Every structure is written in C-alpha cells, then in structure tokens.
Amino acid sequence: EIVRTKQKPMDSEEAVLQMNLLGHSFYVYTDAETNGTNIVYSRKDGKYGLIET
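Residues numbered from 1 in each chain as written, not as in the entry; some residues may be left out. Heavy atoms only, no water. Residues with missing side-chain atoms left out of burial classes, pairs and counts.

- By the method listed in its record, X-ray crystallography, this PDB entry was determined to a resolution of 2.40 Å.

- The name the PDB entry assigns to the protein is Lmo2511 protein, from the organism Listeria monocytogenes.

Okay, structure coming up:
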C-alpha cells in the first residue's frame, strides 16, 4: 500500500507485512540498522526466510 516506482528502510517484520499486502512471494528492501539490501520471502513449510546483502 505504498511503493516508490518501478524502473524507506524497515526491519524484517515490516517487510513481511508489505510483502503480503502486495501478495508477493518475496520482497526486496533496505534494512534499518544495517542499511543493507535484504530479501524476505515465504518458505514452503509456511515459515519466512531472510537473505542479507
């Protein structure tokens, strides 16, 4: 419910909320304290996963 434009930093829990509001399987964003690019995504067993940098 808030995007920049195809072609703000948040923590893991907030990215997941955005990931689902849009209905995506993964979401790329910038981390708050590290300021690095992270990726949260849904795993098959229902749990969430996160990739760093």
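### Some details on the nonpolar core
Phase 1 of the analysis: Counting residues in each nonpolar core, the largest one holds seven residues, listed as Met10, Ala15, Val16, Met19, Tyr27, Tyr29 and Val40.
Phase 2 of the analysis: If one sorts the elements of this core by residue count, helix α1 (residues 12–22) sits on top with three residues. (Core = buried A, V, L, I, M, F, W, Y, C linked by side-chain atoms within 4.5 Å. Buried < 20%, exposed > 50% of the residue type's maximum accessible area, 1.4 Å probe, protein only. Helix = DSSP H or I, 4+ residues; strand = E, 2+ residues; numbered from the N terminus.)

### So, unusual backbone geometry
Phase 1 of the analysis: A positive phi is found at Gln7, a non-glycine position, where the angle reads about 65 degrees.
Phase 2 of the analysis: With respect to the helices and strands, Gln7 occurs in the segment before α1.
Phase 3 of the analysis: One non-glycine residue, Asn35, adopts positive backbone phi at about 70 degrees.
Phase 4 of the analysis: Assignment of secondary structure puts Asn35 in the loop between β1 (26–30) and β2 (37–42).

### Side note on the sheet that holds β2
Phase 1 of the analysis: Across the sheet, which stays open at both edges, the three strands sit in the order β1-β2-β3 with antiparallel pairing between neighbours. Each having just a single partner strand, β1 and β3 (48–51) make up the two edges of the open sheet. Going from strand to strand, the sheet's axes swing by 20 degrees on average, the running direction of each strand aside.
Phase 2 of the analysis: As paired elements, β1 and β2 share five bridges and run antiparallel to each other. Residue pairing for β2: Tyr29 is matched across the bridge by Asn38.
Phase 3 of the analysis: Those strands touched by α1 are β1, β2 and β3, and its axis lies near 135 degrees from that of β1. (Pairing = 2+ DSSP bridges. Axes fitted to C-alpha atoms, helices over the stretch in contact; angles between N-to-C directions. Contact = heavy atoms within 4.5 Å.)

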